[PDB]
Amino acid sequence: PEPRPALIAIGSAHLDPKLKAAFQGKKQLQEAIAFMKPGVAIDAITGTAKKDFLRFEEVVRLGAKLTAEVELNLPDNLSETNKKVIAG
RNA sequence: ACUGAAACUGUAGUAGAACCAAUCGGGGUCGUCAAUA
C-alpha cells in the first residue's frame, strides 16, 4: 500500500502573540526567558565530580503557555462513529 | 502537464569535593578641674 499521510496537521507552539510583541527589540528580555541549569556527573567511588562531565544548559522558565494551530482534514466520507474515535 | 509522504534533537550524566565563623581582650579603676590675687 501507498503510505498514508496524516489526517492531523500540528503547528509549532508559540508564545502568546501579544506577549511576543512585548519582547520585540528587547534582546535582554529574550535572553531572560531562559537560564543556565548546572549539570555535573559524580564519580561513584570518590563521590566527586568526574573530569570533563560539567555542563551548563539553557532552560526555559516554567509557566509558559504555548498554543499551536491544529488542522484535522478528516475524509469527507468518514462516519460519525469514526470521527468520535479520532477525537477519543 | 500538478506541493512527496513519514520522522520528538533526543539518550546517559547528583553543581559537586575539600574548608572550625574563628583569633586577641581580668567588668576594670583616683586626682584631677578652673585662674588669678
Side-chain angles (χ1 to χ4, degrees):
Chain A
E2 300 92 325
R4 289 172 284 197
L7 297 191
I8 199 166
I10 303 181
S12 306
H14 296 282
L15 294 172
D16 168 72
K18 213 175 294 182
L19 182 64
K20 296 185 55 162
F23 281 103
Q24 308 291 17
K26 303 194 182 197
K27 178 57 169 172
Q28 305 81 5
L29 274 175
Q30 298 167 359
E31 305 284 288
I33 324 178
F35 61 102
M36 290 184 285
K37 191 168 180 171
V40 75
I42 281 173
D43 195 291
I45 64 164
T46 73
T48 71
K50 293 184 177 184
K51 195 194 178 183
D52 284 346
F53 288 55
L54 186 63
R55 67 190 181 274
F56 292 99
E57 169 203 54
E58 201 185 14
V59 176
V60 181
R61 299 174 189 288
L62 78 162
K65 186 189 181 180
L66 304 103
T67 182
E69 305 98 306
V70 168
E71 173 167 334
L72 269 177
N73 51 258
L74 304 182
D76 56 4
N77 59 90
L78 189 79
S79 70
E80 274 57 48
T81 290
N82 287 345
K83 288 175 187 173
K84 289 181 185 180
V85 172
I86 295 166

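Convention: sequence-line order gives letters A, B, ...; per-chain numbering from 1.
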*Could you tell me if B:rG28 and B:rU29 pass the stacking criterion of ring centres under 5.5 Å and planes under 30°?*
yes

*asked:* Going only by the six-membered rings, do B:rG10 and B:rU11 fall inside 5.5 Å on centre distance and below 30 degrees on plane angle?
replied: yes

_Please classify B:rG26 as syn or anti, treating any glycosidic angle within 90° of 0 as syn._
syn

_Within 90° of 0 counts as syn, otherwise anti: where does B:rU14 fall?_
syn

Can you name the nearest heavy-atom pair linking [X] to [Y], along with the distance?
X: A:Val59; Y: A:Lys37; result: CG2-CB, 4.0 Å
X: A:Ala6; Y: A:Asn73; result: O-ND2, 3.8 Å
X: A:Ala13; Y: A:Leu66; result: O-CD2, 3.2 Å
X: A:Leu74; Y: A:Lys83; result: CD1-CG, 4.0 Å
X: A:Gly11; Y: A:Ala68; result: O-CB, 3.3 Å
X: A:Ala34; Y: A:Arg61; result: O-NH2, 4.3 Å

*With sequence neighbours excluded, tell me which residues meet salt bridge (charged side-chain N to carboxylate O under 4.0 Å, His left out) with A:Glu2.*
none

So, north or south for the sugar of [N], given that a negative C1'-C2'-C3'-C4' angle means south?
N: B:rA15; result: south
N: B:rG16; result: north
N: B:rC20; result: south
N: B:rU14; result: south
N: B:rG31; result: south

_Which residues share a side-chain hydrogen bond (donor to acceptor under 3.5 Å, both in side chains) with A:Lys65, sequence neighbours left out_ = none

*RNA chain B: A:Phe53 or A:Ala49, which has the more 5' nearest nucleotide?*
A:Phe53

Applying a strict under-4.5 Å side-chain criterion to I, L, V, M, F, W and Y, I'd like to know whether [X] and [Y] cluster together.
X: A:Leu72; Y: A:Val85; answer: no
X: A:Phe35; Y: A:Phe56; answer: no
X: A:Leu54; Y: A:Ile42; answer: no
X: A:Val40; Y: A:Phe53; answer: no

*Close residues, residues 30-47 of chain A, relative to RNA chain B [heavy-atom separation under 4.0 Å]*: A:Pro38, A:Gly39, A:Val40, A:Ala41, A:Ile42, A:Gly47

_What residues from residues 1-11 of chain A pass a heavy-atom cutoff of under 4.0 Å to RNA chain B?_
A:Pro3, A:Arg4, A:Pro5, A:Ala6

*Distance between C1' atoms of B:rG31 and B:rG27 (Å, rounded)*: 22 Å

_In whole Å, measure the gap between the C1' atoms of B:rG26 and B:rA22 for me._
22 Å

_Ionic contact status for A:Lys84 with A:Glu80, cut-off 4.0 Å_ = no

*Convert the base pairs of RNA chain B into dot-bracket notation, remembering that pairs crossing earlier ones are written with [ ] and that bases paired across to another strand are shown as |; include only Watson-Crick or G-U pairs under 3.5 Å.*
.....................................

_Going 5' to 3' along RNA chain B, which are the first and last nucleotides with any atom under 4.0 Å from a heavy atom of chain A?_
B:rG4 to B:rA17

*Answer yes or no: are there more than 12 heavy-atom neighbours, outside A:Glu69 itself, under 6.0 Å from its atom CD?*
no

